[PDB]
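The structure appears right after this line, and notes come after that.
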Amino acid sequence: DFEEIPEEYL
Amino acid sequence: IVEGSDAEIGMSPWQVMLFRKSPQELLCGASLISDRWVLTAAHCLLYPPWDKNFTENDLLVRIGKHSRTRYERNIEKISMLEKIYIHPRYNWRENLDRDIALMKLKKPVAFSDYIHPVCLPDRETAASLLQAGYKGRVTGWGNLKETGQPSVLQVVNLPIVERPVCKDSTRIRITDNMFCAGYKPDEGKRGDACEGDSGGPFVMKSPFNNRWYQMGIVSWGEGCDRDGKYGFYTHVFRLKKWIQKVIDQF
Amino acid sequence: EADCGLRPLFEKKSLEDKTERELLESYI
Ligand SMILES: Cc1cc(NS(=O)(=O)c2ccc(N)cc2)no1
Ligand SMILES: *[C@@H]1O[C@H](CO)[C@@H](O)[C@H](O)[C@H]1NC(C)=O
Ligand code: NA
Ligand code: NA
């Protein structure tokens with residue numbers, strides 16, 4: 001259960 | 001990490017999390033050796049027996065972390081990979097000899113209280129410190145038991161083991177590019193790396209200059225924290241000429 | 001690299017972490 005990372009890094 | 005404890009804030013500011021973009025998950029540990037270079041185990045990126053062959057665009061590195069699963073806003077930094085370099089004689093077919101890889105980041109990471117590189121050993125520091133009984137430190141977000149997962153980075157200190165004992169603990173062929181560490185059954189203390197910790201650092205604090213040096217990379221083990229088994233680590237100094245060649249060229 | 005291995009929240013402040021002494025005591 002990882003917290004979503006900012007979209008900018010994807 | 002089995003039988004370790006929670007890291008202190010900023011205790012291992014070179015610790016890196018190798019993170020898969022999709023599905024979003026922990027892949028391995030790693031370490032920061034400069035503002036643009038990260039060191040890990042080759043098997044974290046390339047292991048054909050299990051159809052593992054990650055490319056640069058598959059992965060991110062997360063630096064400055066403490067919590068395993070949280071996005072640590074204003075603290076951690078997330079970097080994209082420019083290029084992966086795997087040791088050309090990494091032996092994935094047999095015994096993971098030369099289990100080492102470098103990752104160059106697309107942009108330099110900013111150092112902070114939580115982000116700072118570890119030193120790589122010179123010949124003299126390696127000769128002085130890589131002795132049976134001398135303890136190093138292993139850190140990671142891997143599982144807490146062989147058969148669950150930590151809230152925050154875990155830390156365990158473990159003694160280097162005599163080479164004959166390492167060899168006599170396993171049927172695998174041990175090479176000069178490996179060392180082993182961990183307590184013996186009779187020693188009454190325990191601890192080991194486990195799944196998710198591989199690629200992370202085995203560090204020692206030099207008593208000569210009070211700096212932390214990465215002597216090993218978490219490479220392989222037979223189970224986790226089993227009596228009579230030991231963790232095996234890539235011997236960083238023995239492979240340092242390759243590291244230097246890669247950084248100098250690229 | 002000049003500053004490698006010196007942690008901002010420990011060596012740079014002259015603070016010790018809770019278990020580094022265990023390492024030093026093993027370096028006999
Ligand atoms: C490679 C590789 C990883 C793996 N298992 S593991 O869980 O990654 C692990 C790695 C090192 C130690 N000491 C213990 C467990 N076994 O081989
Ligand atoms: C690993 O992937 C690279 C890039 O696609 C490729 O050049 C290489 O042949 C692959 N090695 C394998 C699958 O063993
Ligand atoms: Na053996
Ligand atoms: Na063991």
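Whatever order the structure lists them in is the order used to number ligands and atoms, beginning at 1. Residue numbering restarts at 1 for every chain, and letters A, B, ... go by the order of the sequence lines. No hydrogens, no waters, no symmetry mates; every other heavy atom, side chains included, goes into these values.
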Shortest non-hydrogen separation from B:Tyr213 to B:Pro121 and the atoms involved: CD2-CA, 3.6 Å

Report the nearest protein non-hydrogen atom to [atom]: residue, atom name, distance rounded to 0.1 Å.
atom	result
atom 7 (O) of ligand 1	B:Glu195 N, 2.8 Å
atom 13 (N) of ligand 1	B:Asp192 OD1, 3.0 Å
atom 5 (N) of ligand 1	B:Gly221 O, 4.5 Å

Taking non-hydrogen atoms only, is [X] closer than 4.0 angstrom to ligand 1 via side chain, backbone, both or neither?
X	answer
B:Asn143	neither
B:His43	side chain
B:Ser219	backbone

Pick from B:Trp220, B:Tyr47, B:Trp50: the one approaching atom 10 (C) of ligand 1 most closely through a non-hydrogen atom: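 Selected option, by shortest heavy-atom distance: B:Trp220.
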
So which of B:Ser198, B:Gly140, B:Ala193, B:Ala41 gets nearest to atom 12 (C) of ligand 1, if we judge by its closest heavy atom? B:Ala193

Between the Na ion (ligand 4) and B:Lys229, is there an N, O or S atom separated by less than 3.0 Å? yes

Look at the N, O or S atoms of B:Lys184, main chain and side chain alike, and state whether any lies under 3.0 Å from the Na ion (ligand 4).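 Coordinating: no.
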
Heavy-atom donor-acceptor pair, [X] side chain to [Y] backbone, under 3.5 Å:
X	Y	result
B:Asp197	B:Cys194	yes
B:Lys229	B:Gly223	no
B:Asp99	B:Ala42	yes

Of all the atoms in ligand 2, which lie at a distance below 4.0 Å from a heavy atom belonging to B:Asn53?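 Selected atoms, number and element: 1 (C), 2 (O), 3 (C), 8 (C), 10 (C), 11 (N), 12 (C), 13 (C).
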
Taking the side chain as every heavy atom from C-beta outward, state whether B:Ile84 and B:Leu59 have any atom pair closer than 4.5 Å.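 Yes. Closest side-chain heavy atoms under 4.5 Å.
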
Is B:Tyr230 in polar range of ligand 1, meaning some N or O pair under 3.5 Å apart? no

Could you say whether the N/O atoms of B:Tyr233 and ligand 1 ever approach to under 3.5 Å? no

Numbered in order shown, the ligand 1 atoms found under 4.0 Å of a heavy atom of B:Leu96 are 1 (C)

Does B:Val16 share a hydrophobic cluster with B:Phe54, counting links as ILVMFWY side-chain heavy atoms below 4.5 Å and allowing steps through other members?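 Same cluster: B:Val16 reaches B:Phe54 through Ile, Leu, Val, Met, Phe, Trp or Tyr contacts under 4.5 Å.
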
Are any of the heavy atoms in B:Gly223 under 4.0 Å away from ligand 1? yes

